[PDB]
>>> print(open('structure.txt').read())   # compact mmCIF, C-alpha atoms
# COMPACT_ATOMS: atom_id res chain seq x y z
CA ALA A 2 2.33 -12.63 31.57
CA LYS A 3 -0.78 -14.76 32.13
CA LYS A 4 -2.25 -13.57 35.43
CA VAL A 5 -1.42 -9.92 34.86
CA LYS A 6 -0.53 -7.59 32.01
CA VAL A 7 0.24 -3.90 31.87
CA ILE A 8 -0.59 -2.38 28.50
CA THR A 9 1.20 0.81 27.58
CA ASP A 10 0.76 0.66 23.81
CA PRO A 11 -1.67 3.61 23.28
CA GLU A 12 -3.21 2.07 20.19
CA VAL A 13 -4.16 -1.20 21.87
CA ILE A 14 -5.41 0.70 24.93
CA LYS A 15 -7.66 2.77 22.68
CA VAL A 16 -8.98 -0.55 21.33
CA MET A 17 -9.62 -1.91 24.85
CA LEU A 18 -11.63 1.06 25.97
CA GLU A 19 -14.33 0.45 23.36
CA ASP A 20 -17.43 -0.05 25.44
CA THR A 21 -18.24 -3.47 24.00
CA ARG A 22 -14.69 -4.75 23.74
CA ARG A 23 -14.36 -4.04 27.47
CA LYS A 24 -17.46 -6.20 28.02
CA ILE A 25 -16.13 -9.00 25.84
CA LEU A 26 -12.88 -8.90 27.79
CA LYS A 27 -14.73 -8.85 31.10
CA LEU A 28 -16.77 -11.90 30.07
CA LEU A 29 -13.72 -13.75 28.77
CA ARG A 30 -12.40 -13.85 32.33
CA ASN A 31 -15.02 -16.53 32.98
CA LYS A 32 -13.97 -18.83 30.18
CA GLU A 33 -12.81 -18.80 26.60
CA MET A 34 -15.83 -18.32 24.32
CA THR A 35 -16.94 -18.25 20.70
CA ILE A 36 -18.39 -15.30 18.76
CA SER A 37 -21.75 -17.03 19.06
CA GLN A 38 -21.53 -17.22 22.82
CA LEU A 39 -20.38 -13.63 23.36
CA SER A 40 -23.14 -12.50 21.00
CA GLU A 41 -25.91 -14.26 22.90
CA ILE A 42 -24.66 -12.74 26.16
CA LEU A 43 -23.78 -9.24 24.93
CA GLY A 44 -26.96 -8.76 22.95
CA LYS A 45 -24.90 -7.91 19.87
CA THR A 46 -25.15 -9.74 16.57
CA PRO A 47 -22.44 -12.18 15.44
CA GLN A 48 -21.21 -9.91 12.67
CA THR A 49 -20.60 -7.05 15.09
CA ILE A 50 -18.89 -9.29 17.62
CA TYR A 51 -16.72 -10.92 14.96
CA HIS A 52 -15.17 -7.52 14.23
CA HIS A 53 -14.64 -6.49 17.84
CA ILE A 54 -12.87 -9.80 18.36
CA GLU A 55 -10.68 -8.99 15.36
CA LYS A 56 -9.56 -5.70 16.88
CA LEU A 57 -9.00 -7.39 20.23
CA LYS A 58 -7.10 -10.20 18.49
CA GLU A 59 -4.80 -7.75 16.70
CA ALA A 60 -4.42 -5.70 19.88
CA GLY A 61 -3.12 -9.00 21.19
CA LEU A 62 -5.77 -8.84 23.92
CA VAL A 63 -7.32 -12.17 22.89
CA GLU A 64 -6.22 -15.23 20.94
CA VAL A 65 -7.71 -18.36 19.46
CA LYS A 66 -7.45 -20.95 22.18
CA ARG A 67 -8.68 -23.83 19.97
CA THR A 68 -11.09 -24.32 17.07
CA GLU A 69 -14.18 -26.50 17.46
CA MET A 70 -16.48 -27.86 14.72
CA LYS A 71 -19.91 -27.13 16.21
CA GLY A 72 -22.13 -28.95 13.75
CA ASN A 73 -22.10 -27.31 10.33
CA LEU A 74 -19.95 -24.44 11.58
CA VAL A 75 -16.35 -24.45 12.76
CA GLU A 76 -16.02 -21.91 15.59
CA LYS A 77 -12.92 -20.50 17.25
CA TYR A 78 -12.77 -20.31 21.04
CA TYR A 79 -11.19 -17.11 22.29
CA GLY A 80 -9.31 -16.44 25.46
CA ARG A 81 -7.78 -13.35 27.04
CA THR A 82 -4.01 -13.23 26.85
CA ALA A 83 -3.89 -12.30 30.55
CA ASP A 84 -6.37 -12.73 33.42
CA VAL A 85 -6.01 -9.03 34.18
CA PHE A 86 -5.06 -5.97 32.15
CA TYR A 87 -3.70 -2.69 33.53
CA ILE A 88 -3.48 0.35 31.31
CA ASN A 89 -1.21 3.38 31.36
CA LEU A 90 -3.79 6.02 30.51
CA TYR A 91 -1.27 8.81 31.02
CA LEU A 92 1.63 7.61 29.00
CA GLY A 93 2.10 10.81 27.05
CA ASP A 94 -0.39 10.14 24.26
CA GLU A 95 -2.42 13.27 23.49
CA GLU A 96 -5.56 11.43 22.46
CA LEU A 97 -5.41 9.19 25.50
CA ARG A 98 -5.21 12.35 27.59
CA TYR A 99 -8.40 13.73 26.10
CA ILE A 100 -10.13 10.36 26.35
CA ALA A 101 -9.33 10.49 30.06
CA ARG A 102 -10.38 14.13 30.18
CA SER A 103 -13.70 13.06 28.56
CA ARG A 104 -14.44 10.23 30.94
CA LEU A 105 -13.72 12.54 33.87
CA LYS A 106 -15.95 15.22 32.43
CA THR A 107 -18.80 12.73 32.08
CA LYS A 108 -18.51 12.18 35.78
CA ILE A 109 -18.56 15.90 36.30
CA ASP A 110 -21.85 15.92 34.42
CA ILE A 111 -23.17 13.44 36.90
CA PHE A 112 -22.04 15.61 39.82
CA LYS A 113 -23.78 18.81 38.77
CA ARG A 114 -26.67 16.64 37.62
CA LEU A 115 -26.79 15.34 41.22
CA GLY A 116 -26.89 18.80 42.76
CA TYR A 117 -23.15 19.26 43.11
CA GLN A 118 -22.18 22.92 42.67
CA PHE A 119 -18.59 23.84 41.66
CA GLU A 120 -16.10 25.37 39.22
CA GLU A 121 -15.69 22.62 36.61
CA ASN A 122 -12.15 23.77 35.79
CA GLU A 123 -10.35 23.50 39.10
CA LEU A 124 -12.37 20.28 39.49
CA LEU A 125 -11.43 18.56 36.21
CA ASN A 126 -7.82 19.57 36.82
CA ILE A 127 -7.95 17.79 40.16
CA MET A 128 -9.73 14.72 38.84
CA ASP A 129 -7.03 14.46 36.16
CA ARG A 130 -4.04 15.11 38.42
CA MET A 131 -5.38 12.62 40.95
CA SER A 132 -6.25 10.06 38.32
CA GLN A 133 -2.90 10.49 36.60
CA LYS A 134 -1.24 9.52 39.86
CA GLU A 135 -3.67 6.69 40.53
CA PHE A 136 -2.85 5.23 37.12
CA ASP A 137 0.90 5.67 37.45
CA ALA A 138 0.86 4.07 40.87
CA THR A 139 -1.30 1.12 39.83
CA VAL A 140 0.96 0.78 36.82
CA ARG A 141 3.83 0.82 39.27
CA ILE A 142 2.77 -1.87 41.70
CA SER A 143 1.27 -4.13 39.02
CA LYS A 144 4.52 -4.03 37.09
CA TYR A 145 6.20 -5.60 40.09
CA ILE A 146 3.38 -8.16 40.16
CA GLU A 147 3.92 -9.16 36.52
CA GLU A 148 7.33 -10.28 37.72
CA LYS A 149 6.08 -12.03 40.88
CA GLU A 150 3.37 -14.24 39.36
CA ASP A 151 4.86 -17.56 40.45
CA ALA A 152 4.58 -16.31 44.02
CA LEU A 153 0.85 -15.64 43.52
CA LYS A 154 0.09 -19.04 42.02
CA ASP A 155 -2.07 -19.66 45.07
CA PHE A 156 -4.40 -16.66 44.74
CA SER A 157 -7.51 -15.70 42.80
CA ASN A 158 -7.60 -12.67 40.52
CA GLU A 159 -10.26 -10.82 42.49
CA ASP A 160 -7.85 -10.88 45.44
CA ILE A 161 -4.79 -9.97 43.39
CA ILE A 162 -6.77 -7.03 42.03
CA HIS A 163 -7.76 -5.95 45.52
CA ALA A 164 -4.14 -6.39 46.65
CA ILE A 165 -2.94 -4.09 43.90
CA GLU A 166 -5.51 -1.56 45.13
CA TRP A 167 -4.02 -1.36 48.61
CA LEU A 168 -0.43 -1.36 47.50
CA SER A 169 -1.41 1.23 44.93
CA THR A 170 -3.25 3.24 47.63
CA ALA A 171 -0.18 3.00 49.88
CA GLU A 172 1.96 4.27 46.99
CA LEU A 173 -0.44 7.18 46.82
CA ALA A 174 -0.45 7.79 50.56
CA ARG A 175 3.23 8.55 50.19
CA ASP A 176 2.91 11.38 47.66
CA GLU A 177 2.55 14.80 49.39
CA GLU A 178 1.09 16.22 46.20
CA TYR A 179 -1.51 13.49 46.18
CA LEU A 180 -2.60 14.20 49.72
CA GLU A 181 -2.94 17.85 48.73
CA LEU A 182 -5.00 16.91 45.68
CA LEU A 183 -7.06 14.65 47.87
CA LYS A 184 -7.83 17.47 50.30
CA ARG A 185 -8.72 19.97 47.58
CA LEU A 186 -11.12 17.38 46.21
CA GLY A 187 -12.58 17.24 49.68
CA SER A 188 -13.07 20.99 49.67
CA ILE A 189 -14.32 21.08 46.08
CA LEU A 190 -16.88 18.23 45.82
CA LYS A 191 -19.32 19.87 48.18
CA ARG A 192 -22.74 18.24 48.26
CA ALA F 2 -34.56 1.03 43.39
CA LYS F 3 -33.65 -0.30 39.94
CA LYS F 4 -30.35 1.36 39.03
CA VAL F 5 -28.94 1.23 42.54
CA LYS F 6 -29.53 -0.63 45.80
CA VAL F 7 -27.84 -0.46 49.16
CA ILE F 8 -28.11 -3.72 51.07
CA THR F 9 -27.76 -3.54 54.82
CA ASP F 10 -29.48 -6.78 55.74
CA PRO F 11 -26.47 -8.83 57.03
CA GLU F 12 -28.03 -12.14 56.06
CA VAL F 13 -28.58 -11.21 52.42
CA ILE F 14 -25.11 -9.64 52.27
CA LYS F 15 -23.62 -12.89 53.52
CA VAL F 16 -25.50 -14.59 50.67
CA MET F 17 -24.15 -12.11 48.08
CA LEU F 18 -20.55 -12.59 49.05
CA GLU F 19 -20.58 -16.27 48.07
CA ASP F 20 -17.93 -16.47 45.40
CA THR F 21 -20.23 -17.92 42.75
CA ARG F 22 -23.32 -15.92 43.62
CA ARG F 23 -21.20 -12.79 43.11
CA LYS F 24 -20.32 -14.11 39.64
CA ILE F 25 -23.95 -14.89 38.82
CA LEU F 26 -24.88 -11.38 39.90
CA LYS F 27 -22.04 -9.88 37.89
CA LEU F 28 -23.16 -11.77 34.77
CA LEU F 29 -26.80 -10.86 35.29
CA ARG F 30 -25.87 -7.22 34.69
CA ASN F 31 -25.56 -8.15 31.02
CA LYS F 32 -29.02 -9.62 30.66
CA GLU F 33 -31.53 -11.76 32.46
CA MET F 34 -30.54 -15.43 32.07
CA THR F 35 -31.65 -18.98 32.78
CA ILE F 36 -29.96 -21.56 35.03
CA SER F 37 -28.80 -23.26 31.85
CA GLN F 38 -27.14 -20.13 30.56
CA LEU F 39 -25.39 -19.19 33.81
CA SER F 40 -24.22 -22.80 34.10
CA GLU F 41 -22.62 -22.87 30.66
CA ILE F 42 -20.81 -19.60 31.41
CA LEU F 43 -19.85 -20.23 35.05
CA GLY F 44 -18.62 -23.76 34.48
CA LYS F 45 -20.93 -25.00 37.23
CA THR F 46 -23.56 -27.68 36.76
CA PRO F 47 -27.28 -26.80 36.56
CA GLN F 48 -28.06 -28.38 39.92
CA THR F 49 -25.47 -26.24 41.69
CA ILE F 50 -26.60 -23.07 39.93
CA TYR F 51 -30.26 -23.79 40.63
CA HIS F 52 -29.52 -23.61 44.36
CA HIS F 53 -27.39 -20.48 44.24
CA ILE F 54 -30.22 -18.82 42.34
CA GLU F 55 -32.59 -19.92 45.09
CA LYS F 56 -30.52 -18.21 47.77
CA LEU F 57 -30.19 -15.12 45.59
CA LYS F 58 -33.94 -15.20 44.90
CA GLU F 59 -34.77 -15.36 48.61
CA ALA F 60 -32.15 -12.71 49.37
CA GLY F 61 -34.28 -10.72 46.97
CA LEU F 62 -31.17 -10.15 44.85
CA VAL F 63 -32.76 -11.74 41.76
CA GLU F 64 -36.27 -12.45 40.54
CA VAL F 65 -38.00 -14.37 37.79
CA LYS F 66 -38.36 -11.92 34.95
CA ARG F 67 -40.47 -14.26 32.78
CA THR F 68 -40.76 -18.01 32.14
CA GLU F 69 -39.98 -19.45 28.71
CA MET F 70 -40.79 -22.94 27.38
CA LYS F 71 -37.49 -23.87 25.72
CA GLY F 72 -38.47 -27.08 23.97
CA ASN F 73 -39.23 -29.86 26.42
CA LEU F 74 -38.18 -27.72 29.38
CA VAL F 75 -39.79 -24.60 30.80
CA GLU F 76 -37.03 -22.29 32.05
CA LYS F 77 -37.23 -19.16 34.18
CA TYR F 78 -35.28 -16.07 33.14
CA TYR F 79 -33.68 -14.30 36.07
CA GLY F 80 -32.82 -10.68 36.50
CA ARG F 81 -31.09 -8.66 39.20
CA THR F 82 -33.43 -6.53 41.27
CA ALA F 83 -31.06 -3.57 40.84
CA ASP F 84 -28.34 -2.77 38.28
CA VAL F 85 -25.93 -2.14 41.14
CA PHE F 86 -25.69 -3.34 44.74
CA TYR F 87 -23.84 -1.59 47.56
CA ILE F 88 -23.27 -3.38 50.84
CA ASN F 89 -22.80 -2.13 54.38
CA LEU F 90 -20.05 -4.51 55.45
CA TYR F 91 -19.64 -2.72 58.77
CA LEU F 92 -23.18 -2.51 59.97
CA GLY F 93 -22.51 -3.94 63.40
CA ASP F 94 -22.81 -7.62 62.54
CA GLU F 95 -20.06 -9.63 64.25
CA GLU F 96 -19.77 -12.26 61.54
CA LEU F 97 -19.67 -9.63 58.82
CA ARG F 98 -16.83 -8.02 60.73
CA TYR F 99 -14.79 -11.20 60.71
CA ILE F 100 -15.64 -11.87 57.07
CA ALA F 101 -14.18 -8.45 56.34
CA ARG F 102 -11.26 -9.18 58.66
CA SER F 103 -10.70 -12.42 56.67
CA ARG F 104 -10.75 -10.83 53.24
CA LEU F 105 -8.31 -8.19 54.47
CA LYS F 106 -6.04 -10.82 55.95
CA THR F 107 -5.98 -12.69 52.64
CA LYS F 108 -4.62 -9.55 51.11
CA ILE F 109 -2.07 -9.37 53.87
CA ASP F 110 -1.00 -12.85 52.84
CA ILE F 111 -0.43 -11.55 49.37
CA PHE F 112 1.67 -8.66 50.70
CA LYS F 113 4.14 -10.72 52.71
CA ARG F 114 4.02 -13.26 49.90
CA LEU F 115 5.13 -10.41 47.60
CA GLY F 116 8.07 -9.43 49.79
CA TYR F 117 6.23 -6.90 51.94
CA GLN F 118 7.63 -6.86 55.49
CA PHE F 119 5.47 -5.54 58.37
CA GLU F 120 3.63 -6.06 61.66
CA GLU F 121 0.39 -7.74 60.56
CA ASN F 122 -1.50 -6.30 63.55
CA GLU F 123 -1.08 -2.57 63.14
CA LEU F 124 -1.60 -3.31 59.43
CA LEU F 125 -4.88 -5.25 59.63
CA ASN F 126 -6.17 -2.64 62.06
CA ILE F 127 -5.48 0.03 59.47
CA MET F 128 -6.91 -1.94 56.56
CA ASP F 129 -10.09 -2.42 58.62
CA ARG F 130 -10.38 1.15 59.90
CA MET F 131 -9.79 2.48 56.40
CA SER F 132 -12.13 0.00 54.80
CA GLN F 133 -14.80 0.64 57.42
CA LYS F 134 -14.75 4.29 56.40
CA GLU F 135 -14.64 3.49 52.69
CA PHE F 136 -17.75 1.36 53.09
CA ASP F 137 -19.62 3.87 55.23
CA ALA F 138 -18.82 6.64 52.80
CA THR F 139 -19.82 4.66 49.70
CA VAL F 140 -22.93 3.66 51.60
CA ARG F 141 -23.43 7.34 52.26
CA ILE F 142 -23.17 8.77 48.77
CA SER F 143 -24.98 5.85 47.11
CA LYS F 144 -27.89 6.29 49.49
CA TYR F 145 -28.35 9.77 48.09
CA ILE F 146 -28.14 8.24 44.60
CA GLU F 147 -30.92 5.74 45.29
CA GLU F 148 -33.08 8.82 45.73
CA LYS F 149 -31.77 10.66 42.66
CA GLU F 150 -32.22 7.92 40.04
CA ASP F 151 -34.58 9.86 37.79
CA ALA F 152 -31.84 12.47 37.44
CA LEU F 153 -29.40 9.78 36.25
CA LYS F 154 -31.76 8.30 33.67
CA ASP F 155 -29.26 9.45 31.06
CA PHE F 156 -26.18 7.62 32.38
CA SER F 157 -24.68 4.15 32.21
CA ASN F 158 -23.95 2.12 35.32
CA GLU F 159 -20.19 1.98 34.79
CA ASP F 160 -20.21 5.79 34.98
CA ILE F 161 -22.57 5.96 37.94
CA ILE F 162 -20.28 3.53 39.73
CA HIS F 163 -17.25 5.64 38.91
CA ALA F 164 -19.16 8.76 40.02
CA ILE F 165 -19.90 7.18 43.38
CA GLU F 166 -16.16 6.47 43.67
CA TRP F 167 -15.19 10.13 43.43
CA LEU F 168 -17.96 11.42 45.62
CA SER F 169 -17.09 8.64 48.03
CA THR F 170 -13.38 9.56 47.80
CA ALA F 171 -14.26 13.23 48.41
CA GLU F 172 -16.28 12.16 51.47
CA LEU F 173 -13.12 10.42 52.62
CA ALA F 174 -10.85 13.35 51.85
CA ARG F 175 -12.84 15.25 54.45
CA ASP F 176 -12.20 12.89 57.38
CA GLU F 177 -9.04 13.87 59.33
CA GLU F 178 -8.91 10.38 60.78
CA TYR F 179 -8.98 8.93 57.31
CA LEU F 180 -6.08 11.04 56.13
CA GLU F 181 -4.16 9.86 59.19
CA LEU F 182 -5.02 6.24 58.41
CA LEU F 183 -4.01 6.86 54.85
CA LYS F 184 -0.59 8.17 55.88
CA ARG F 185 0.09 5.34 58.33
CA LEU F 186 -0.71 2.94 55.51
CA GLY F 187 1.86 4.82 53.49
CA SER F 188 4.43 4.31 56.23
CA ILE F 189 3.42 0.70 56.86
CA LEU F 190 3.14 -0.91 53.39
CA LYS F 191 6.82 -0.60 52.67
CA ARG F 192 7.98 -2.52 49.61
>>> encode(input="structure.txt", output="structure tokens")
Amino acid sequence: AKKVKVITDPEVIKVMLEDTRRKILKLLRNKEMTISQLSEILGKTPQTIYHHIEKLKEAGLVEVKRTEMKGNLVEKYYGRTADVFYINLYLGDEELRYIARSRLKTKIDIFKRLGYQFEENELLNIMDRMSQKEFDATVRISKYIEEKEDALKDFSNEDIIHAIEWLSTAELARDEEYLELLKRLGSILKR
Amino acid sequence: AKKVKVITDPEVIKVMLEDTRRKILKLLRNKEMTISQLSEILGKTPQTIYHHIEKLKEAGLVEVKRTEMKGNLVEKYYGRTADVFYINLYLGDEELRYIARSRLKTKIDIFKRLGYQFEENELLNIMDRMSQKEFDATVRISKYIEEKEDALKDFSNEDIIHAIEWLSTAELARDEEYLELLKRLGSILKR
């Protein structure tokens, strides 16, 4: 809706994950901005930002909120189409699966690079299985939220987000498999 | 250091938690900015932002990175003193404890307000006990990070943050009490 949105379209998700588009989206939570504004904040040139915004626009993640004539240039003000986005990273898309596998592996680089000794295979498998469940659960409780927005009219987004965490964590605390995955992780990620 | 910092000074922490100061800090991760810039983004007037910056400055959370003469006004550019801050919310300070109790209670409002039926006491106690451990653990693995920054020279902060999550989660997966708290939460936060 407006406070919360769960994206399951793989294509759009793939668009959202772009490092910079994520940043644009993050910043847009403050207020609707122009390409010029984003650009001065993000450290990216207007041309580059103009394109990112186009992808975001088509992914339906942002829309023109109004168009202002700022001097000799008419700029469009962009806003997010929902205060918060939740993505289904494990909704059967192969490429999304590898993207997730990649992100998780990066982390695994960090581990070993921090003096963490382990068998990267059992480990990645656990990261993934745990993360798959964390995403499905967060997708689960936020779905319910999308339909209970009127009821939240009196709360900020930072708190809604944190609320979804708990609920999500409670959802997880009820999966025997999850607790097993959790423990293995305990055993695995030495130090 | 520069990539990561664990704050345990209660006073400064209390300063960081101010809704707007958090936002200023969040935004400063992008680039060092002036009071004028923050103000145009945050939707707060320059006078109000000038003061927040003062608290942040004295809390050592931000410093003047350089001073630029922008026309008829000489502005200071502010930067965070560390890419990421980690706070010890449960470091024995009474007021910090209640602050935490408050935040958690807000969430509990959300729950019941979302059709979640339960005994707010056993619940808050669990939120707190779980959260106390989550903070101590994140404080624990990030401490080690503060001392391993050279090794991370090749990683972004979003990934470091996510790395600390796992490690932190693994730390948690090894506390029998935590797993018990986790389960209770599962039982408690119905739906």
>>> calpha_fit_and_write(input="structure.txt", fixed="chain A", moving="chain F", output="compact mmCIF listing (two decimals) with C-alpha atoms, in the coordinates of the input")
# COMPACT_ATOMS: atom_id res chain seq x y z
CA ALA F 2 2.34 -12.63 31.57
CA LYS F 3 -0.77 -14.75 32.13
CA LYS F 4 -2.26 -13.57 35.43
CA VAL F 5 -1.42 -9.92 34.87
CA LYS F 6 -0.53 -7.59 32.00
CA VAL F 7 0.24 -3.90 31.87
CA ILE F 8 -0.59 -2.38 28.51
CA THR F 9 1.20 0.80 27.57
CA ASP F 10 0.76 0.66 23.82
CA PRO F 11 -1.67 3.62 23.29
CA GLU F 12 -3.21 2.07 20.19
CA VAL F 13 -4.15 -1.20 21.87
CA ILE F 14 -5.41 0.70 24.92
CA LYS F 15 -7.66 2.77 22.68
CA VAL F 16 -8.98 -0.55 21.33
CA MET F 17 -9.62 -1.92 24.85
CA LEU F 18 -11.63 1.06 25.97
CA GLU F 19 -14.33 0.46 23.36
CA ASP F 20 -17.43 -0.05 25.44
CA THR F 21 -18.24 -3.47 24.00
CA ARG F 22 -14.70 -4.76 23.73
CA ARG F 23 -14.36 -4.04 27.47
CA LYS F 24 -17.46 -6.20 28.02
CA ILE F 25 -16.12 -9.00 25.84
CA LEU F 26 -12.88 -8.89 27.79
CA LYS F 27 -14.73 -8.85 31.10
CA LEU F 28 -16.77 -11.91 30.07
CA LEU F 29 -13.73 -13.74 28.77
CA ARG F 30 -12.40 -13.85 32.33
CA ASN F 31 -15.01 -16.53 32.98
CA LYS F 32 -13.96 -18.83 30.18
CA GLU F 33 -12.81 -18.81 26.60
CA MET F 34 -15.83 -18.33 24.32
CA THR F 35 -16.94 -18.25 20.70
CA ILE F 36 -18.40 -15.30 18.76
CA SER F 37 -21.75 -17.04 19.06
CA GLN F 38 -21.53 -17.22 22.82
CA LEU F 39 -20.38 -13.63 23.36
CA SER F 40 -23.14 -12.50 20.99
CA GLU F 41 -25.91 -14.26 22.90
CA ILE F 42 -24.66 -12.74 26.16
CA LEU F 43 -23.78 -9.24 24.94
CA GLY F 44 -26.96 -8.76 22.95
CA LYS F 45 -24.90 -7.91 19.87
CA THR F 46 -25.15 -9.73 16.56
CA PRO F 47 -22.44 -12.19 15.44
CA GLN F 48 -21.21 -9.91 12.67
CA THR F 49 -20.60 -7.05 15.09
CA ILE F 50 -18.89 -9.30 17.62
CA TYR F 51 -16.72 -10.92 14.96
CA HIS F 52 -15.17 -7.52 14.23
CA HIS F 53 -14.65 -6.49 17.84
CA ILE F 54 -12.87 -9.80 18.36
CA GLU F 55 -10.69 -8.99 15.36
CA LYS F 56 -9.56 -5.70 16.88
CA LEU F 57 -9.00 -7.39 20.23
CA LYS F 58 -7.10 -10.21 18.49
CA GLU F 59 -4.80 -7.75 16.70
CA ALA F 60 -4.42 -5.70 19.88
CA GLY F 61 -3.13 -9.00 21.18
CA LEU F 62 -5.77 -8.83 23.92
CA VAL F 63 -7.32 -12.17 22.89
CA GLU F 64 -6.22 -15.22 20.95
CA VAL F 65 -7.71 -18.35 19.46
CA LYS F 66 -7.45 -20.96 22.18
CA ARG F 67 -8.67 -23.83 19.97
CA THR F 68 -11.09 -24.32 17.06
CA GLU F 69 -14.18 -26.50 17.46
CA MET F 70 -16.47 -27.86 14.72
CA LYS F 71 -19.90 -27.13 16.21
CA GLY F 72 -22.13 -28.95 13.75
CA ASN F 73 -22.10 -27.32 10.34
CA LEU F 74 -19.95 -24.44 11.58
CA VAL F 75 -16.35 -24.45 12.77
CA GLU F 76 -16.02 -21.91 15.58
CA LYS F 77 -12.92 -20.50 17.26
CA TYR F 78 -12.77 -20.31 21.05
CA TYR F 79 -11.19 -17.11 22.29
CA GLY F 80 -9.31 -16.44 25.46
CA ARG F 81 -7.78 -13.35 27.04
CA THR F 82 -4.01 -13.24 26.85
CA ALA F 83 -3.89 -12.30 30.55
CA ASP F 84 -6.37 -12.73 33.42
CA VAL F 85 -6.01 -9.03 34.18
CA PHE F 86 -5.06 -5.96 32.15
CA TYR F 87 -3.71 -2.69 33.54
CA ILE F 88 -3.47 0.35 31.31
CA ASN F 89 -1.21 3.38 31.36
CA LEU F 90 -3.79 6.02 30.50
CA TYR F 91 -1.28 8.81 31.02
CA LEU F 92 1.63 7.61 28.99
CA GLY F 93 2.09 10.82 27.05
CA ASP F 94 -0.39 10.14 24.26
CA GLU F 95 -2.42 13.27 23.49
CA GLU F 96 -5.57 11.43 22.46
CA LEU F 97 -5.42 9.20 25.50
CA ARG F 98 -5.21 12.35 27.59
CA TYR F 99 -8.40 13.73 26.10
CA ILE F 100 -10.13 10.36 26.35
CA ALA F 101 -9.33 10.49 30.06
CA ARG F 102 -10.38 14.14 30.18
CA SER F 103 -13.70 13.06 28.56
CA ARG F 104 -14.44 10.23 30.94
CA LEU F 105 -13.72 12.54 33.87
CA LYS F 106 -15.95 15.23 32.43
CA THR F 107 -18.80 12.73 32.09
CA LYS F 108 -18.51 12.18 35.78
CA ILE F 109 -18.56 15.90 36.30
CA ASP F 110 -21.85 15.92 34.42
CA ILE F 111 -23.17 13.44 36.90
CA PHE F 112 -22.04 15.61 39.82
CA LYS F 113 -23.78 18.81 38.76
CA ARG F 114 -26.67 16.64 37.62
CA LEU F 115 -26.79 15.34 41.22
CA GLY F 116 -26.89 18.80 42.76
CA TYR F 117 -23.14 19.26 43.11
CA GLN F 118 -22.17 22.93 42.67
CA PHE F 119 -18.59 23.84 41.66
CA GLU F 120 -16.10 25.37 39.21
CA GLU F 121 -15.69 22.62 36.60
CA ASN F 122 -12.14 23.78 35.79
CA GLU F 123 -10.35 23.51 39.10
CA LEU F 124 -12.36 20.29 39.49
CA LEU F 125 -11.42 18.56 36.22
CA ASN F 126 -7.82 19.57 36.82
CA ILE F 127 -7.94 17.79 40.16
CA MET F 128 -9.73 14.72 38.84
CA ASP F 129 -7.03 14.46 36.16
CA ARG F 130 -4.04 15.11 38.42
CA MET F 131 -5.37 12.62 40.94
CA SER F 132 -6.25 10.06 38.32
CA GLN F 133 -2.90 10.49 36.60
CA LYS F 134 -1.24 9.52 39.87
CA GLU F 135 -3.67 6.68 40.53
CA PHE F 136 -2.85 5.23 37.12
CA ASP F 137 0.90 5.66 37.45
CA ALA F 138 0.86 4.07 40.87
CA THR F 139 -1.30 1.11 39.83
CA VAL F 140 0.96 0.79 36.82
CA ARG F 141 3.83 0.82 39.27
CA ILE F 142 2.77 -1.87 41.70
CA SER F 143 1.27 -4.13 39.02
CA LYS F 144 4.53 -4.03 37.10
CA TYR F 145 6.21 -5.60 40.09
CA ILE F 146 3.38 -8.17 40.15
CA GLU F 147 3.92 -9.17 36.52
CA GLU F 148 7.33 -10.29 37.73
CA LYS F 149 6.09 -12.03 40.88
CA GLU F 150 3.37 -14.24 39.35
CA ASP F 151 4.85 -17.56 40.45
CA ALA F 152 4.58 -16.31 44.03
CA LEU F 153 0.85 -15.64 43.53
CA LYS F 154 0.09 -19.04 42.01
CA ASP F 155 -2.07 -19.66 45.07
CA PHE F 156 -4.40 -16.65 44.74
CA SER F 157 -7.51 -15.70 42.80
CA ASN F 158 -7.60 -12.68 40.52
CA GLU F 159 -10.26 -10.82 42.49
CA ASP F 160 -7.85 -10.88 45.44
CA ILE F 161 -4.80 -9.96 43.39
CA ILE F 162 -6.76 -7.03 42.03
CA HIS F 163 -7.76 -5.96 45.51
CA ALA F 164 -4.14 -6.39 46.65
CA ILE F 165 -2.94 -4.09 43.90
CA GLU F 166 -5.51 -1.56 45.14
CA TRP F 167 -4.01 -1.36 48.61
CA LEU F 168 -0.42 -1.36 47.50
CA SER F 169 -1.42 1.23 44.93
CA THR F 170 -3.25 3.24 47.62
CA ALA F 171 -0.18 3.00 49.88
CA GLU F 172 1.96 4.26 46.99
CA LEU F 173 -0.44 7.18 46.82
CA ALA F 174 -0.45 7.79 50.56
CA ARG F 175 3.24 8.55 50.19
CA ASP F 176 2.90 11.39 47.66
CA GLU F 177 2.55 14.80 49.39
CA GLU F 178 1.09 16.21 46.20
CA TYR F 179 -1.50 13.49 46.18
CA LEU F 180 -2.61 14.20 49.72
CA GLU F 181 -2.94 17.85 48.73
CA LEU F 182 -5.00 16.90 45.68
CA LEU F 183 -7.05 14.65 47.87
CA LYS F 184 -7.84 17.47 50.31
CA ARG F 185 -8.72 19.98 47.58
CA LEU F 186 -11.12 17.38 46.21
CA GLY F 187 -12.58 17.23 49.69
CA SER F 188 -13.07 20.99 49.67
CA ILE F 189 -14.32 21.07 46.08
CA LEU F 190 -16.88 18.23 45.82
CA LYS F 191 -19.32 19.87 48.17
CA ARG F 192 -22.74 18.24 48.26
>>> residues_around(input="structure.txt", residues="segment 156-164 of chain A", least_positions_apart="5", cutoff="10 Å", atoms="all atoms listed in the file", output="PyMOL selection string")
(chain A and resi 4-5+30+84-85+142-143+146+150+169-170) or (chain F and resi 20+104-105+107-112)
>>> closest_residue(input="structure.txt", among="F:42, F:26, F:124, F:8", to="chain A", atoms="only C-alpha atoms")
F:42
